[PDB]
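Letter by letter, the chains look like this.
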Amino acid sequence: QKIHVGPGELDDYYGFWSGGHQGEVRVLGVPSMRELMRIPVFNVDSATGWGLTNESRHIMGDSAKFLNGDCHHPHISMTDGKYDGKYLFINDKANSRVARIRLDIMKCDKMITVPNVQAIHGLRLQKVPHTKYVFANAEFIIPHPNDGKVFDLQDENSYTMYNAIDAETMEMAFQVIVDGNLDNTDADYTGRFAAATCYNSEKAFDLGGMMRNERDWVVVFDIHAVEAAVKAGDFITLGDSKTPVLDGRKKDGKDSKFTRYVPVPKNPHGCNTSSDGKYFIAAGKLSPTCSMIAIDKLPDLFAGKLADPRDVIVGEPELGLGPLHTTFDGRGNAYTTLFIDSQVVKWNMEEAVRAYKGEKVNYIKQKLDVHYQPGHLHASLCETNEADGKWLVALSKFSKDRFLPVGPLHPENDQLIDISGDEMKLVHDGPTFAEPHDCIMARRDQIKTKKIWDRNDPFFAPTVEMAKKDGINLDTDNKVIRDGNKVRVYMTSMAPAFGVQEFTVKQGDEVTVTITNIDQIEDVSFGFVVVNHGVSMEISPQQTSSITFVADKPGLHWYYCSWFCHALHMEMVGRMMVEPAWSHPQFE
Amino acid sequence: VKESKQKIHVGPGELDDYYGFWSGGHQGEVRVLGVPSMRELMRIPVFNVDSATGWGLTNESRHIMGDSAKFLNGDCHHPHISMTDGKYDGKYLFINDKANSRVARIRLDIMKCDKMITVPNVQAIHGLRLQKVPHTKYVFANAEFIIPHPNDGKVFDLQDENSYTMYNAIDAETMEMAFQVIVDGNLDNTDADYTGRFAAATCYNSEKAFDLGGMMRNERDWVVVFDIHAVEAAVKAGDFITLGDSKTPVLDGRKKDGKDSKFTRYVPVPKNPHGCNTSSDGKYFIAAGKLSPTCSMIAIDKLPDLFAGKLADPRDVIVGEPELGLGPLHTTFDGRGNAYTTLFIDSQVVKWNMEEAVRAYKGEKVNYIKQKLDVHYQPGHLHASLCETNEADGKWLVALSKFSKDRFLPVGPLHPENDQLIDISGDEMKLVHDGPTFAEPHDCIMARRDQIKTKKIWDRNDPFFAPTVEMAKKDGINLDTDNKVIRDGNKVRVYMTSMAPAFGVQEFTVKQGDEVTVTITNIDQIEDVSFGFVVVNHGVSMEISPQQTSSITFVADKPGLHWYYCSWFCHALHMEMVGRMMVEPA
Ligand code: CUZ
Ligand code: CUZ
Ligand code: CUA
Ligand code: CUA
Ligand SMILES: [Ca+2]
Ligand SMILES: [Ca+2]
Ligand SMILES: [Cl-]
Ligand SMILES: [Cl-]
Ligand SMILES: [K+]
Ligand SMILES: [K+]
Ligand code: NA
Ligand code: NA
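Residues numbered from 1 in each chain as written, not as in the entry; some residues may be left out. Chains lettered and ligands numbered in written order. Heavy atoms only, no water.

> I'm lost on the side chain of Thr58(B) in this one. Help?
By the secondary structure assignment, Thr58(B) is in the loop between β3 (39–44) and α1 (59–65). A polar contact of 2.8 Å, which involves the side chain of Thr58(B), links it to the side chain of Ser61(B). (Helix = DSSP H or I, 4+ residues; strand = E, 2+ residues; numbered from the N terminus. Polar contact = N/O pair within 3.5 Å; in protein donor to acceptor, adjacent residues only side chain to side chain.)

Now the structure itself:
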């Protein structure tokens, strides 16, 4: 297996890395581990103007006021248990959002703030028959309503909820109230079941309280039952949200129709569906184990055919200190991070199942030292029934001495490991910023990108509609539209000239500049920066982009093209002339 | 005969040999890479807002940014490392912001931006380089765009006698302005000599035009040379004016009725020249011809004669003008007597011998071109290791190319830059690595591993958060021990220590509408155990690394229970490192 990608060679896989607390998504080539692109999502990107432009702020909605995000869990949409390459979805734990990235243009095209919850952490996708739902955990228990009268986590109206988003519309589909809380989540290969770990069955707020119980659980959702209750109208709504809310809590020991709680030790974390569809595998964290839930025993669990919820556990291998996450090679082996022992443990799922029945067998095949304190790990295609067992990335939280010193803040160490053979081979240490938690790989042929925008792309269709109200044809026009104290500049552009190279406004006018890159040559992107006004955006081939700012300073103000586009790039500039307020009518 | 055959693979457990400091381009940060692996080790926020560390949100960062904290963007090109006696001293890195007209300083011991200045009375700080000798007393910065003075909206004419741009000198150590020099034309790139007396800058808009054709009309623009000693003498004598409300001394470096300033000389150079690069032997300012397929070599040791009026023609300081290829943009040096120049149009790096170029200019038939290496594609800047110092070591070359085309997997309509690593240690340049990068770093700078010394943990007396220590002192707080909530009208100031896996203050209560400042001190001393602080659904996020104090201010505008949590995985019980803010309604 080739490890190094030389000049002129291409990588074999795309990697989509979470940006962690930095808030973006990063596209890597694998196995080179080089970063090919950054996709802004919850961060504000100076380069493309994401968070500044009108198109991006429209997608972000009211949450455009936040300049931060905290993303952990990138996942690719699937059809019949295989990636279909349409969308990447990712969480925001900081401001409680889910974002969608369109993989043909490699941009965030939709974003939603999940209502009546705090902190979207775990996130994964329905696999079968396709990604109808995005499943997202809200991690923190809060009051309902959260109006400041009640703060007690033990109140009967304090809880968190499991969240289903319609992947295509990016509107809420339903929410399920649960006991305890929600950490990570995964889905089966039938569409009936999803599952989530809980570490706060105690509903505590202090460290000791959250570790009190010997077992928490993974909660299992019967999605068929949830859908059935929604269609029957058997649900409530919270606050001003129209999202159907179903009650998945136990009441006086009787189970809900929507949920079953499988006791699992202890403050469990990772929740990973095996690629053969057989198991939800929960990482025991404070317990030195993983718990294997047999997915084919869940219908019987939901039909009272089992005496004890633990009867759906068919394995609980002891693996090492601090199990956090598990991935799969498609050959019947699982790979689990041990945070405390600082290792990846490779183990055979069917032998662990046999040892659980007493048959003394050594299911542990290898322990590889990683550097250091691994969190998530990811094997290529692990989330599909095409898991190919080639590459493994372990994403470790302390890099210590593995890279040159760069001051008190250290990079993370995402290590590429060869798993095509019986023996795990550490091949590359990849330093990364801001703590990617997880990542996802896709074959090169699973991703199909556009090299030039379509003119009807929904990403800027609202801007096209605005332009139409002014009588503008964006493909041809270079016009300055005036409307009271608003000025709307529309221009085409082609290297190395802006189609409108000067315009004049009054001091205090609100200026919108809309630019259409009317060339069709791949890689010839333009920028637009207004000096000393905090204005910057990208305009790639056939894109329309727009940005709005106040001309608060009299005098002449240069704008220029920021993206090197031509040998005359330094010369692709223009001038905004601002007439002073004392020369125009005076308002208070 | 010597071959180029350095190893490029840095395997697991091995370390890079050089630091690389990449400009973040239009994205606004500075990036620390390891060389030769070309892996990004760290990102240093400067003009961008960084969600992860809180740069742009925290009180410490917004203090450093001053009023320009209102801007969420920057546009970087030119990172440079401070020097002593013409060698990197590892103290500071400086970088420009073309978008909002700033210069930033990064402290290389903590890898943070610690000072920032908006250059007064100019637009668009682009070219930037450092004094070399006797040390980096000044940062030299080019303002690219001609503007009216004053720029009050009465006059828009760039041909008006009070429309001009200025060369800028910033005191490297205080990060206050030292002086400005009005010039004719405009300013593109700049460099300094190896004595401290001279600096030079290319100009492309000697025409003072605003249109593309008008800017290319002159067969020759110039490199303007500055007699910094003469500027300093005039400032010491009080012979200067000031502009607007800035106290910065302003000297007039324009020609008047054909008579030279004592501060400047204008050396005619073809054509819209771009790069302006000092050879590592101190002999030449080398201007890259761009629209002219040449570079022009100015003999620095002729400049004293030029300013003393001993030369008949400013062209007499030109001692070479080699023809190299189409679209020369930038030049760097191996320390062995070769220069390496990017050809943007031909898409090559050309290696050429400077002394042979000089003899060729005298009419001697000698081939000074040694090799042309195809690069991929359209190179802008290039940088050989230690090239800006008299220790230029001729080992590594990076060419930063603007069109990557098919060199990487497709990723949509926007493509990465291609920063290509080239082995120059031997007689033949060898291309060894294609490094994709985001948002167009324009230029980069390398330093030996042993030239950079970083802190493993913060100093409690660090200036970076000294204003916060002072706030704490006014409240009677000992940041190393205290976990206290100070109430001051509708202001609430929470102070806490933190140790893994627990915030020192795990709950506090405020009134809806209160303005909340949370100050956190990471009181452990284990390297690499950083904490975060995020307030859910309030847009609040920041880093607190070991022994650091960080603070952030936000208004509690939502009644109810609002969780906060530690964003930096710091401990097996990281998920449980949380707290509650309780907000009472009216
Ligand atoms: Cu958010 S948790 Cu193991 Cu995923 Cu990192
Ligand atoms: Cu700013 S320009 Cu050739 Cu330096 Cu990139
Ligand atoms: Cu348009 Cu550079
Ligand atoms: Cu403190 Cu994670
Ligand atoms: Ca628990
Ligand atoms: Ca010119
Ligand atoms: Cl997981
Ligand atoms: Cl230069
Ligand atoms: K870390
Ligand atoms: K580019
Ligand atoms: Na939305
Ligand atoms: Na300052």
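After that view of the structure, there is still more to cover.
> Honestly, the coordination of the calcium ion (ligand 5) in this entry has me stumped. Any pointers?
Around a metal, the ideal angle is 109.5 degrees if four donors adopt a tetrahedral arrangement and 90 or 180 degrees if six donors adopt an octahedral arrangement. Residues and elements named next belong to chain A. Each protein donor to the calcium ion (ligand 5) is listed here as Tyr199 (O), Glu202 (OE), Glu202 (OE), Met210 (O), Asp216 (OD), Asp216 (OD) and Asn267 (OD1); together their distances run 2.4 to 2.7 Å. Mapped onto the sequence, the donors of the calcium ion (ligand 5) take the spacing Y-x2-E-x7-M-x5-D-x50-N. Separated by 14 residues along the polypeptide, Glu202 in the loop between β14 (193–198) and α2 (207–210) and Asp216 in strand β15 (residues 216–222) bring together distant segments of the chain. (Donors = N, O, S within 2.8 Å, 3.2 Å for Na, K, Ca; no water.)

> I tried to follow the site of ligand 2 on my own but got confused; where do I start?
Near ligand 2, the surroundings consist of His77(B), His78(B), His126(B), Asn189(B), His274(B), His330(B), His381(B) and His442(B). Its residues placed into classes, the shell around ligand 2 shows no nonpolar, eight polar and no charged. (Near = heavy atom within 4 Å. Nonpolar A, V, L, I, M, F, W, Y, C, P; charged D, E, K, R; others polar.)

> In this structure, what is going on with the pairing of strand β15 (residues 221–227) of chain B? I would like to understand it.
Within a regular beta strand, the side chains point alternately toward one face of the sheet and then the other, so they alternate between its two faces. Residues and elements named next belong to chain B. The element β15 is largely enclosed, with a buried count of seven among its seven residues. Burial along β15 is two-sided: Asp221, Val223, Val225 and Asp227 facing one way and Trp222, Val224 and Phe226 facing the other are all buried. With six bridges joining them, strand β14 (residues 198–203) and β15 adopt antiparallel strand pairing. In the strand pairing of β15, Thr202 is matched with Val223. (Buried < 20%, exposed > 50% of the residue type's maximum accessible area, 1.4 Å probe, protein only. Pairing = 2+ DSSP bridges.)

> How should I be thinking about the site of ligand 1 in this particular structure?
As a matter of local geometry, ligand 1 sits amid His72(A), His73(A), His121(A), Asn184(A), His269(A), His325(A), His376(A) and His437(A). Along the lines of polarity and charge, the residues of the shell around ligand 1 split into no nonpolar, eight polar and no charged.

> Looking at this structure, how should I read the environment of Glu579(A)?
With respect to the helices, strands and loops of the structure, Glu579(A) is situated in strand β40 (residues 573–579). Those residues within four positions of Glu579(A) in sequence are excluded, and the remaining contacts are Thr504(A), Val505(A), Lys506(A), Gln507(A), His584(A) and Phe156(B). At 2.6 Å, the side chain of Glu579(A) and the side chain of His584(A) are in polar contact. (Contact = heavy atoms within 4.5 Å.)

> Any chance you could explain the coordination of the potassium ion (ligand 9) here in plain terms?
In the first shell of the potassium ion (ligand 9), the protein supplies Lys397(A) (O), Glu412(A) (OE) and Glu412(A) (OE), at 2.3 to 2.8 Å from the metal. Residue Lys397(A) is located in the loop between β27 (391–396) and β28 (412–418), and its partner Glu412(A) is located in strand β28; the two are separated by 15 residues in the primary sequence.

> Explain helix α5 (residues 349–356) of chain A here, please?
Think of an α-helix as 3.6 residues a turn; residues three or four steps apart then line up on the same face. Of all the residues in α5(A), the buried ones are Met349(A), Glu351(A), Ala352(A) and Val353(A). A side-chain oxygen of the first residue of α5(A) lies 3.1 Å from the backbone nitrogen of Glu350(A); this N-cap is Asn348(A).

> Can you help me understand the environment of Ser279(B) in this one?
Residue and element names in this part refer to chain B. If you trace the backbone, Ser279 turns up in the loop between β18 (276–278) and β19 (284–288). Between the C-alpha atom of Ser279 and that of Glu388, which follows or precedes it by 109 residues, the distance is 7.6 Å. When neighbours within four sequence positions are excluded, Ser279 is seen to be in contact with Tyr194, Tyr284, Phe333 and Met354. A polar atom in the side chain of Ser279 sits 3.3 Å from the backbone nitrogen of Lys283.

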